[PDB]
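Have a look at the structure below before the remarks.
Residues take their numbers from the sequence shown, with the count starting at 1. Basis for what follows: all heavy atoms, side chains included, without hydrogens, waters or symmetry-related copies.
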Amino acid sequence: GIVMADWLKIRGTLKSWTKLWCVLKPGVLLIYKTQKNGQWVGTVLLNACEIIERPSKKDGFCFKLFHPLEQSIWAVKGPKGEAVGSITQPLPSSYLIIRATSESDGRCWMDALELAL
């Protein structure tokens, strides 16, 4: 039931950006290390999120996914029941900052995200 799938650049508290494979389908953003034989990193539950644009210095196009009550946006278990996620740079409990490599790509993602919410 995939709606969009692409590499996206993701950051947390740290200034560092990590390029990860994200699959958008109804209700969830699924994050993997690779498109192919991906190790599951985490799943964002869109039901718990709001989305806002986040204009910035390293931009491409930049937006923010967050829990309005600053609670967890993350699914407890993997799409295949995976107990624990693959190691990445530490990501925030209650938000993701996201930029697509191209601004036009970023805009489609953001617009797409609003629907899947």
Any donor-acceptor pair under 3.5 Å from [X] side chain to [Y] backbone:
X	Y	answer
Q89	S16	yes
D111	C108	no
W21	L30	no

Could you pull out the closest heavy-atom pair between [X] and [Y], with the gap in Å?
X	Y	answer
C62	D59	N-OD1, 3.1 Å
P92	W74	O-NE1, 2.8 Å
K15	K57	NZ-NZ, 4.4 Å
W7	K19	CB-CE, 3.8 Å
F63	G106	CE2-O, 3.9 Å
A48	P68	O-CD, 3.4 Å

Check: How would you list, by chain and number, every residue that makes a side chain to side chain contact (heavy atoms under 4.5 Å, CB included) with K33, sequence neighbours excluded?
Finding: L20, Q39, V41, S86, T88

Point-to-point distance, once rounded to the nearest 0.5 Å, from [atom1] of [X] to [atom2] of [Y]:
X	Y	atom1	atom2	result
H67	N47	NE2	CG	10.5 Å
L46	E114	CG	CD	12.0 Å
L65	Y95	CG	OH	12.5 Å
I98	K9	CD1	NZ	14.0 Å
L29	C22	CG	SG	5.0 Å
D105	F61	CG	CZ	11.5 Å

In terms of hydrophobic clustering (I, L, V, M, F, W, Y; side-chain heavy atoms under 4.5 Å; direct or indirect links), are [X] and [Y] co-clustered?
X	Y	value
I73	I51	yes
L14	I97	no
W17	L8	no

Next item on the list: Check whether any side-chain heavy atom of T13 lies under 4.5 Å from a side-chain heavy atom of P90, and answer yes or no.
Entry: no

Item checked: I31 and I10, any side-chain heavy atoms less than 4.5 Å apart -> yes

Next item on the list: Check whether more than 12 heavy atoms from other residues, nucleotides or ligands sit under 6.0 Å from atom CG of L69, and answer yes or no.
Entry: yes

Checklist line | Greater than 12 external heavy atoms within 6.0 Å of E70's CD | finding: no

Notebook entry, point to check: So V28 and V44, side chain to side chain contact (heavy atoms under 4.5 Å, CB included) or not? Walk me through it.
Noted result: CA-CA 6 Å; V28 294; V44 178; over 6 Å; no

